[PDB]
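These notes are about the structure you will find just below.
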RNA sequence: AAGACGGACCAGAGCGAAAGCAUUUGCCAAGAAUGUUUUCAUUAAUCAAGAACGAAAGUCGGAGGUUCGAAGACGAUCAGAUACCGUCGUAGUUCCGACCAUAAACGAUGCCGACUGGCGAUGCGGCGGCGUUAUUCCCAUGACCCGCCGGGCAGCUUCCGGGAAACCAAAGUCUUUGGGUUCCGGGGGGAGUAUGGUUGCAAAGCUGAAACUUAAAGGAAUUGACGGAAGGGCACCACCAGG
C-alpha cells in the first residue's frame, strides 16, 4: 500500500524526467521527486554587514543578494531538517511551512 | 622560501575613462616598469578594468558594470574604450523569478565601426492590472514573435551609429523601451534589458576616435 | 590581531543557551558607544547592570 | 440537480448553451445570413461558420476573411436564419 | 512555582461567591470567619485556601462579571441595560442606489429605487 | 613605488577578489584590472591547522594583515567581489568569508559598492561522485 | 583550443503509442484538440499468429574520451572494508551503422462503450459582455476579468457506491450475481531451477517440470515494546558549578 500518494512529489502527465544532483551530498535523484529549495540571502549576511555599513563611504547602494537554487536529495533533506517527519493526516496536505 | 621585494620598482598610472562621462579619473593602479630586462607592456595594455558604471558616470545606476580596455597609454594616462556592459550577477538573478515567462533573445551584429558584438537580451511577461492568475504565461507562438521583435530592434539600432552612441543609447535603455512598445500590442511586458554584451572582435585603426572620446 | 580593551555594561540578559544550558546570552551596551550594542555570551551567573571587560569583539560569542 | 426533477420541455438556455451533439433535441444552431456589405453590390448568402471564404463578383475581395469559428465579416451586414 | 490551587478549593469558592455575595467582603481575615459560619470545612489550611480565593474573586467581581463565574444579580442588571436600539428599522432608506438585480427584486414587488449601473475594473472588490 | 602621490589623502580603489571555499578562504586583493596582486596572505597562512583555515579567527587575522599592507601602498578603499566555489560544484561561500569582510572593514579599509561576481553555468559538464555516493 | 552540457526561468504544467522530450532560428513531413446544417453511409469494438518501436548496461567496427567514472592500484576509518569516505584511473559516459529486447519499462490498477455527484482551478480551442488594459485615427489584433462549452494532467470535499481495511466518482452500477472482448492466478517453498526446443557473435532472452518439504506463507488494521527517526518535558538515584 502507498505511504505517499504523490510519492514525495508526483510525476504524472510526464513519462520520464532527468535527474538532478544534491548540492551537499551529490547523489542522483529525480528533479520533481526530490526537495527543491530557493535560497535568497544577503551577500554580507547578518554577520559582516554591521561594520560594512558603518565603514562604507561614498555609497548609497542597497545590499546585493546571492541567489542559488539548491536541490537536496531525500536522505539529506530529512537529516538536516529541511523537511521532517509529520502526522499521516498532515501528509495529505500540500500546504508547507511559510517562509 | 623564494621571495622578492617588488613594491619599490613599480610605477603609477592614472586610469582614464572617456570624456563621455562626468568622472574620468577612475582611480590609479600600479603596474611593473616596462623596460628591456623586465617586460610589462603586455601586462599594461592587456589590462581590462572592471568598473561599476555608477562610479564611472556619476550615477543613474548602482548596478551595471562596464569593461574598460586600454587601447593606448600616453604619459601615465591610459585611454580606455568600451569592451562590454553586463548587469553584474545580483541584478540579473533578481529579475529572474518564478511564475513568469523568461524570454531570451541573442544576436550577433556588426557595428558601423570595426567591432563585432554579441548582445544578449532578456524580457519578462507581466502580471497585469486586473489579472487573478498568479502565473504569467502565453502561447508559444506569441513569445516567438516577441523574440523576433526583440532581435530585430537590437540589431538595427547597433548596426547604425558608432560604438559610443550605441553605448549612450543602451544606458537609459532606449533600445529596450522601443522593444517594449512594439511588443505591447501582444503582451505588454515588464522589463527588457541588454543583459550581456560580449566584444567578439576588436580591431584598432581608430586612434582618431580614441582621442576624440577622451579630452 | 589587537584592539583596545572595551568596557561594556550588561543591558539585558537575553536568556540561556548551551547544550547543558550553562551558557547565558547577554547583550552589552558597548558603553564607549551607544550606537554599538552587541551580543556576547557570559559563562557565569549574570546580574544586569554589571560590567564586562571585553578584550575582543573578534571571535563573536554566540549561541551553541 | 436536487435529484428528483423530471423535465419534459426543457428551457432554451440550458439546451442552447450545450455542445452541438449533446443537445436534448439535436439540431445545430448554425444558420445562413445575407451580407450586404457596401463594396459588394450583390447580396451574398454566407454560412455562419463558413470555413473557407465566401467571395462575390461585386466586391474586390471584401466579403469574408477566414476564421476557425464564425466567419469574419466586414462592414454592414444583416442576419435572418430564416427558419434555421 | 509550587502549591497552585486545586479543584476542591475553586468549586467551593464559586459556590460561596454566588450565594453569599452581599455578606462577603474583600479582606482575608473576615472572610475566613464567614466560611466557618456558612460551611463545614474539616481543615484550616483548606478553609484558608477557600477564603483566600473568594477574596480574589470578589475583587474581580466588583468590576462587573468576570471569566468563568457570574452572580445572578449582575446578570439581571446587564439584561436590563441591554435594551439597545440600533435601527428603527428601516432608517428610512427609501429610494437609494441598490444592485441592478436587487433593483429588479424591488421592481417586481411594486417598488423599485435608484440603481447602480456599469462594470469597470472587474474582478469586483479587486 | 610607495603610494600614488600620498598613501592616505585620496581614495584609490582595488578589487577584493575573495574566493570562499570550504577548508579555506583566500583573501587576495588585486589591482582594479586583476592582472597584478596586492598582498598574498591566505586563510591558512596566519593559522595553518588544516581545518581552521575557514574558522573565523584565522580569517579575521588574515584580512587585518592584508588591510595593513594595502593602505601602506596607498590603496585605502576597495570594491568588494565576493565569490563562492563556482562551477558545477557546491557554489556556496564558507563561513570564514563573513568574518574576513568584517575584519578588513574594522581594520581601516573603506568600502565603495559591493557586487556579486559568482560564476554559475547551466550545469555544463558533470558533477563529481557516483550515484549511491555518500549516504547520510 | 578541445570535448561536453543547456541552470535560474520549470509548475501534480504541455506533448509524444510507450520508451521518452527544455539554448536560438529555418526547413521537412506527421498527430491531437477545437469549430463545422462539409463528405462517405456502417466503413465499427477488441484481439492467437504476424509486425513496428523500445531507457540503462553489455557486445561489433570507427570517431572520441573534456567531464565524471563499474575494474585495478593507492590513504584513511573499522575487530573485519575488499565498502561508504580521499586519490590515481580502466571499460564506459558523448557520437555513427550494427547487435540485444529487458527495467519497480509503477499510477503495482487490460482495452472499448453506456450510466451514476458536488465545488474551484489550470495548459488549449471556440463562443458570448451597456467588462478592464493595450495599438493605427479607432479598430479587426493580443494579454487580462467574468460567463458558457468541449477535449488534458490532476486536486479538493462528500454514509454516491464499493472494499478485509488502507483506500477508491471508480477499485461504483456484483447473490437484486450476466454490455463486448483479451490476458494471467489456483497455499508457501523446490524454481524461472531441471530438461528439450528456440533467438543471440557474445553477454544473455523466451517456453518451462518433478521428488521432497511444510500448517502456515501473506495482506491490512489494532495495541504494546523498542529505535544511533522528528517535535518535547521533568530529577543532584541525571548533568551543570563544585564539595
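One-based numbering along the chain as shown.
Method of determination (from the header): electron microscopy, 5.8 Å.
Even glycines carry a Cβ here, placed using N, Cα and C.
Residues D:1-23 are the range that Swiss-Prot records as region 'Disordered', among D:1-23, D:24-46. For residue D:11 (phosphoserine) paired with residue D:37 (Zn(2+) binding site), the C-alpha to C-alpha distance reads 35 Å.
Counted within 10 Å of its Cβ, the other Cβ atoms near residue D:37 (Zn(2+) binding site) come to 21, all protein chains included. Neighbour density for residue D:56 (Zn(2+) binding site): within 10 A of its CB lie 20 other CB atoms from the protein chains shown. There are 20 other Cβ atoms within 10 Å of the Cβ belonging to residue D:40 (Zn(2+) binding site). Around the Cβ of residue D:59 (Zn(2+) binding site), the number of neighbouring Cβ atoms within 10 Å comes to 19.
Other residues of the same chain near the Zn(2+) site, with their Cβ within 8 Å of the Cβ centroid of D:37, D:40, D:56, D:59, are D:35, D:39, D:41, D:42, D:44, D:55, D:58, D:62, D:63. Every protein chain shown contributes to the tally, and the Cβ of residue D:11 (phosphoserine) ends up with 8 other Cβ atoms within 10 Å.
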